Every structure is written in structure tokens, then in C-alpha cells.
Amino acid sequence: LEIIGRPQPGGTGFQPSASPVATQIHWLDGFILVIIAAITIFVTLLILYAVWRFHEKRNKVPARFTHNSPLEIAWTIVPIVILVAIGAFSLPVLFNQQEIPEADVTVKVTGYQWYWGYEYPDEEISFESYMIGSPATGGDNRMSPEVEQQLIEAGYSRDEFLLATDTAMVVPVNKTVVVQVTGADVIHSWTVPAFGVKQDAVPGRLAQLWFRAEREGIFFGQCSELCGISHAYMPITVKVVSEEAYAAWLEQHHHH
């Protein structure tokens, strides 16, 4: 499988999209970015021009005005319009993210200090996922020859250290996945940037998110609520695969 959901060296943009929700976030953010860049450039150019035009060597006697009604009207209404416009594109994107559709696949995820537990209620599968290099895999949260070997053996490389886990949440491509997220001890947060999803894992609460992956491959997230000593060391690996490979993985877990 291709490693898709991951940071890339020197990156300045989002991680690749692998869901329609992520695609929406990329468009909305791109749209807002054009606007706020225009505002910032505008404001910056006004300041630099005013300093040049009205420097004390060039404008020796200062004006004394403290009002300009037309300008004050424009500079109040135009921001309001800009914001209404952002809101209008933004709320539908929000409604799509947060309205949970009917599940093809249901996973229940539990955050622990410091690993994730997954349960597939329809399949009676459960398992835990630890960082490759965590004490669970024999490490102590740092790179070593042993950790590199384990990364290689699991189908990764040295470059995936801190992202790759010993076991992965496996799901089929182009199917609606609903994840139910809770915490076992403290608050954790489960996320996958490529899917455009993030949901706190709060003890005593069961929250839901959804995604539908639009291509196969490997996608990484990292725990996103500070949860103690190994907060930096309990990531998320999702493998998106064919419907057939998904069934094969399920059968591998079936106890006869």
C-alpha cells in the first residue's frame, strides 16, 4: 500500500486528501486564505504607503481630521460582508462534517495511556495499537536498529517512526466508516488529517465521527489531546484497502 496520509519534508500545505470531507476543508481553507491574505496585504500596503507619503520630511504640517463618514461606513460594512460570505460557504461544510450518516463499517476506538484500543462491534474483533518503538514493542520511544527493523517488518521504513503502530485500523475503500470515540482514563484525541477528522476521546462520553476514504493506502494520525508522559508516542494508523482485502483481514481474525 502507498503511504499517503503523512507529513512530507518541508511541507507548507495540508496533508493529501483521501476523503470528501478533507477535500471540503482544503477548499474552504484555500478560499479563506485568499481573503485573509488580501486583507493582510491591503493593511500592510496601507501602512507602508502612509509611512512613505506622510513621513515628517515629506509632510511637514499634519492634518487634524478625526472623521470620514463614508470611509467609516465602508470599513464597517465590508468586513461584515466578507464574514457573511465566509459563513455562507463554511456552515454547509460544517453540517456535512457533523451529520453522521448511516454506517457501512462501525469501529469503536478507546484512548488509553498510551495506546489505542479498537473494537469492530459487527465483527466481534478487538485489538490494541501501540507505537512501533513503544515499551509494548520492546522500545523506549526512540529510534534504534531494533525499531528500524520492526518498522521494516511491518511494511514501513525509518521515516514512519512516531507514526506507525504495530497493528492498524483496517477499513474498505469507498465505504462509510463511523468511528465511536471514547477515553478510558484521561482525555485523548483521535484524528487522521487525510480524512479531515478529529474527535476528543473523553472518559464517560461516546462521540462519533465519520469518513469515507476515496483511495487505498496508509494514513497516519497522532494523539491530539495532551494526556501525560507519552502523549507524543501513541499514534494512529489506518489502512484503507479493497473490499476483498478487508474481508480477508476480517477472516484472519475469525476464531473457529
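For every residue, the number given is its place in the sequence shown, counted from 1.
Relative to its counterpart among 127 to 135 and 100 to 108, 100 to 108 has the higher mean temperature factor, C-alpha atoms as listed in the PDB entry. When the mean C-alpha temperature factors of 14 to 22 and 231 to 239 are read from the deposited coordinates, 14 to 22 comes out higher. Across the options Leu83, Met143, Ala164, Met169, the residue with the most elevated CA B-factor in the record is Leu83. Across the options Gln150, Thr182, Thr76, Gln113, the residue with the most elevated CA B-factor in the record is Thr76.
In the deposited entry, the Cα temperature factor of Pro62 sits in the top third of values across the chain's modelled residues. Among all modelled residues in its chain, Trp52 ranks in the highest third by Cα B-factor.
Per the deposited record, the Cα B-factor of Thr44 falls in the highest third when ranked against the other modelled residues of its chain. The PDB entry assigns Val93 a C-alpha temperature factor belonging to the highest third of its chain's modelled residues. When the modelled residues of the chain are ordered by C-alpha B-factor, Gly117 sits in the lowest third.
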